[PDB]
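This report concerns only the one structure given below.
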Amino acid sequence: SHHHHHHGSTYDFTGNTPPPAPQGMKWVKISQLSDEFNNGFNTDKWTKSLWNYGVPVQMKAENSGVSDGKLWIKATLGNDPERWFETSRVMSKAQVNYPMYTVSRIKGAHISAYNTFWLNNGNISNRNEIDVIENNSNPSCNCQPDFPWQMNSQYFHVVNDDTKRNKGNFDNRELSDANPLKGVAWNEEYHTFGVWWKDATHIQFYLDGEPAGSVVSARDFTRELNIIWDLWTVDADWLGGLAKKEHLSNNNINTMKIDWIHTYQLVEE
Ligand SMILES: [Mg+2]
């Protein structure tokens, strides 16, 4: 045959297409939440947000930037015994509401840390949040055998310290046979990770163009959310274990790279 394998799927394995538009609707680009990262760090769109997670995280503005067509976040070694994991966080200045779709092309740092892509508005006691990835391809804990291919996705709906949470994980070994990223670990190549936030409760994740996990919020979302990427570690087996300090001097594994983000609003045609 003269055809290509990708012609046999309605999915775009490159991640460059949103989900099918429902009848009477269309996808339009939100330019303030989209970037190819070819024109530096655009401060009209993005900000370095430096609140810390727990020890050993130290968020720093110099641990993120835009270079060689990518947004990057690098983990380096500090000399405070309790804040030695120097890292960074980039978040949108604009906020977004349903119905919307966002997808980002990411190659993770190969250290024991969550490489993240998430949407949030709020704090520990009151928030609406969608985690598209919390992906760790190099767990140190000897306890996460599927982590190199496991897409960790979930939501949180928190009202006055009452948490509703559910996971909708997916595994990249469950992608379709024609998808060339099937079984490719998170550090080996860039993957695309998306979310169709359909309405106040329905959240559908996407991986390399294919429907991944999904969740239904137990309560309506009511907030508009910022888009965030960060890289963090902690001494917890659910994260995959604490990052090895020796890996932070290796520039081939210590850097999370984001090639692009495409964000779309679904609107009336
Ligand atoms: Mg790029």
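Numbering starts fresh at 1 for the residues of each chain in the structure tokens, the chains themselves are lettered A, B, ... in the order given, and ligands are numbered from 1 as they appear.
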Checklist entry - So which residues touch residue A:69 within 7 Å, counting only C-alpha atoms, skipping near sequence neighbours fewer than 4 positions away, as a list in words? => result residues 37, 38 and 259 of chain A
Once you have the residues from the selection above, write them out as a PDB file, in the first residue's frame, restricted to N, CA, C and O atoms.
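And here is the file that came out, selection-v2.pdb:
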ATOM      1  N   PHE A  37       7.220  28.515  21.900  1.00  0.00           N
ATOM      2  CA  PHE A  37       8.485  28.714  22.618  1.00  0.00           C
ATOM      3  C   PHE A  37       9.637  28.963  21.651  1.00  0.00           C
ATOM      4  O   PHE A  37      10.756  28.566  21.971  1.00  0.00           O
ATOM      5  N   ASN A  38       9.376  29.667  20.550  1.00  0.00           N
ATOM      6  CA  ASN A  38      10.400  29.994  19.539  1.00  0.00           C
ATOM      7  C   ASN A  38      10.835  31.434  19.706  1.00  0.00           C
ATOM      8  O   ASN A  38      11.707  31.822  18.912  1.00  0.00           O
ATOM      9  N   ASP A 259       7.904  21.581  24.425  1.00  0.00           N
ATOM     10  CA  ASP A 259       8.081  22.110  23.060  1.00  0.00           C
ATOM     11  C   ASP A 259       7.009  23.157  22.761  1.00  0.00           C
ATOM     12  O   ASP A 259       7.286  24.148  22.042  1.00  0.00           O
TER      13      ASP A 259
END
Checklist entry - Which protein, DNA or RNA residues have an atom within 12 Å of ligand 1, counting only C-alpha atoms and all ligand atoms, as an MDAnalysis selection string? => result chainID A and resid 34:41 66:72 104:107 190 257:262
Checklist entry - If you measure from atom CA of residue A:95 to atom CA of residue A:121, what distance in Å do you get, rounded to one decimal? => result 8.6 Å
Next on the checklist: If we count only C-alpha atoms and set the cut-off at 8 Å, which residues sit around residue A:186, ignoring sequence neighbours fewer than 3 positions away in its own chain? Please answer as a ChimeraX atom specification.
Outcome noted: /A:107-108,135-137,148-149,189-191
Restricting the output to N, CA, C and O atoms, write the selected residues as an mmCIF file, in the first residue's frame.
data_model
loop_
_atom_site.group_PDB
_atom_site.id
_atom_site.type_symbol
_atom_site.label_atom_id
_atom_site.label_comp_id
_atom_site.auth_asym_id
_atom_site.auth_seq_id
_atom_site.Cartn_x
_atom_site.Cartn_y
_atom_site.Cartn_z
ATOM 1 N N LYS A 107 8.848 16.368 27.130
ATOM 2 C CA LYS A 107 9.802 15.257 27.362
ATOM 3 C C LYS A 107 10.301 15.443 28.783
ATOM 4 O O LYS A 107 10.829 16.488 29.111
ATOM 5 N N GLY A 108 10.055 14.469 29.642
ATOM 6 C CA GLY A 108 10.353 14.648 31.067
ATOM 7 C C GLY A 108 11.830 14.541 31.386
ATOM 8 O O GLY A 108 12.605 13.934 30.686
ATOM 9 N N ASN A 135 4.171 12.999 36.036
ATOM 10 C CA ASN A 135 4.849 11.834 35.448
ATOM 11 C C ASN A 135 6.306 11.763 35.924
ATOM 12 O O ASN A 135 7.054 12.756 35.884
ATOM 13 N N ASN A 136 6.701 10.583 36.350
ATOM 14 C CA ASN A 136 8.057 10.291 36.857
ATOM 15 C C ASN A 136 8.533 9.022 36.163
ATOM 16 O O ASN A 136 8.011 7.948 36.461
ATOM 17 N N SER A 137 9.513 9.122 35.256
ATOM 18 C CA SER A 137 10.070 7.971 34.545
ATOM 19 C C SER A 137 11.261 7.320 35.259
ATOM 20 O O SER A 137 11.714 6.279 34.797
ATOM 21 N N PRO A 148 7.440 4.568 34.275
ATOM 22 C CA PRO A 148 7.947 5.058 32.991
ATOM 23 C C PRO A 148 6.923 5.168 31.844
ATOM 24 O O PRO A 148 7.158 5.878 30.971
ATOM 25 N N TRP A 149 5.823 4.426 31.922
ATOM 26 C CA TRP A 149 4.764 4.418 30.887
ATOM 27 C C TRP A 149 3.417 4.861 31.473
ATOM 28 O O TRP A 149 2.490 4.955 30.743
ATOM 29 N N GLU A 189 11.221 10.193 24.506
ATOM 30 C CA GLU A 189 10.766 11.046 23.396
ATOM 31 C C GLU A 189 9.741 12.018 23.980
ATOM 32 O O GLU A 189 9.231 11.787 25.055
ATOM 33 N N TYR A 190 9.464 13.066 23.237
ATOM 34 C CA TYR A 190 8.357 13.973 23.594
ATOM 35 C C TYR A 190 7.032 13.235 23.343
ATOM 36 O O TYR A 190 6.901 12.515 22.378
ATOM 37 N N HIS A 191 6.115 13.368 24.287
ATOM 38 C CA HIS A 191 4.726 12.943 24.133
ATOM 39 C C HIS A 191 3.846 14.208 24.202
ATOM 40 O O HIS A 191 4.299 15.260 24.613
#
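Comparing A:113, A:73, A:215, A:100 by their smallest distance to residue A:263, the closest is A:100 (using only C-alpha atoms).
Reported to one decimal place, the separation of atom CA of residue A:138 from atom CA of residue A:110 is 5.4 Å.
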Checklist entry - What does the distance from atom CA of residue A:233 to atom CA of residue A:216 come to in Å, to one decimal? => result 27.6 Å
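Nearest residue to residue A:145 among A:115, A:256, A:237, A:199 is A:237, counting only C-alpha atoms.
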Against stretch 79-83 of chain A, which residues of stretch 34-74 of chain A fall within 6 Å? For each one I want the closest pair of atoms and the distance in Å (one decimal), counting only C-alpha atoms, rows by chain and increasing residue number, as JSON lines.
{"residue": "A:55", "atom": "CA", "partner": "A:82", "partner_atom": "CA", "distance": 5.6}
{"residue": "A:56", "atom": "CA", "partner": "A:83", "partner_atom": "CA", "distance": 4.2}
{"residue": "A:57", "atom": "CA", "partner": "A:83", "partner_atom": "CA", "distance": 5.4}
{"residue": "A:58", "atom": "CA", "partner": "A:83", "partner_atom": "CA", "distance": 5.4}
Deliver the residues from the most recent selection as a file, using N, CA, C and O atoms, as a PDB file, in the first residue's frame.
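Final output, part_13.pdb:
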ATOM      1  N   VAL A  55      10.000  20.297  51.764  1.00  0.00           N
ATOM      2  CA  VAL A  55      11.443  19.958  51.651  1.00  0.00           C
ATOM      3  C   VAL A  55      11.554  18.719  50.754  1.00  0.00           C
ATOM      4  O   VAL A  55      10.793  17.791  50.902  1.00  0.00           O
ATOM      5  N   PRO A  56      12.482  18.647  49.805  1.00  0.00           N
ATOM      6  CA  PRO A  56      13.622  19.578  49.655  1.00  0.00           C
ATOM      7  C   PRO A  56      13.505  20.642  48.561  1.00  0.00           C
ATOM      8  O   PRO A  56      14.484  21.150  48.081  1.00  0.00           O
ATOM      9  N   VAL A  57      12.297  20.952  48.166  1.00  0.00           N
ATOM     10  CA  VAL A  57      12.053  21.831  46.989  1.00  0.00           C
ATOM     11  C   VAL A  57      12.447  23.284  47.278  1.00  0.00           C
ATOM     12  O   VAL A  57      11.968  23.857  48.244  1.00  0.00           O
ATOM     13  N   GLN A  58      13.198  23.863  46.332  1.00  0.00           N
ATOM     14  CA  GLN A  58      13.469  25.306  46.305  1.00  0.00           C
ATOM     15  C   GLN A  58      13.193  25.823  44.885  1.00  0.00           C
ATOM     16  O   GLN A  58      14.015  25.615  43.984  1.00  0.00           O
TER      17      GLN A  58
END
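Among A:243, A:181, A:28, A:266, the residue with the shortest atom-to-atom distance to residue A:76, counting only C-alpha atoms, is A:243.
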Checklist entry - Could you pull out the strand (DSSP E or B) residues of stretch 28-265 of chain A from DSSP and send them as a PyMOL selection string? => result chain A and resi 28-29+35+46-48+57-59+64-67+70-74+76-77+85-87+89-92+96+100-107+114-122+127-135+150-151+154-159+162-167+170-171+191-197+202-207+210-216+225-232+255-265
Next on the checklist: Need to verify the contact set: stretch 224-232 of chain A, 8 Å, only C-alpha atoms, exclusion of same-chain residues closer than 6 positions in sequence. Can you return it as a PyMOL selection string?
Outcome noted: chain A and resi 33+53+57+73-75+85+87-97+113-121+128-129+256
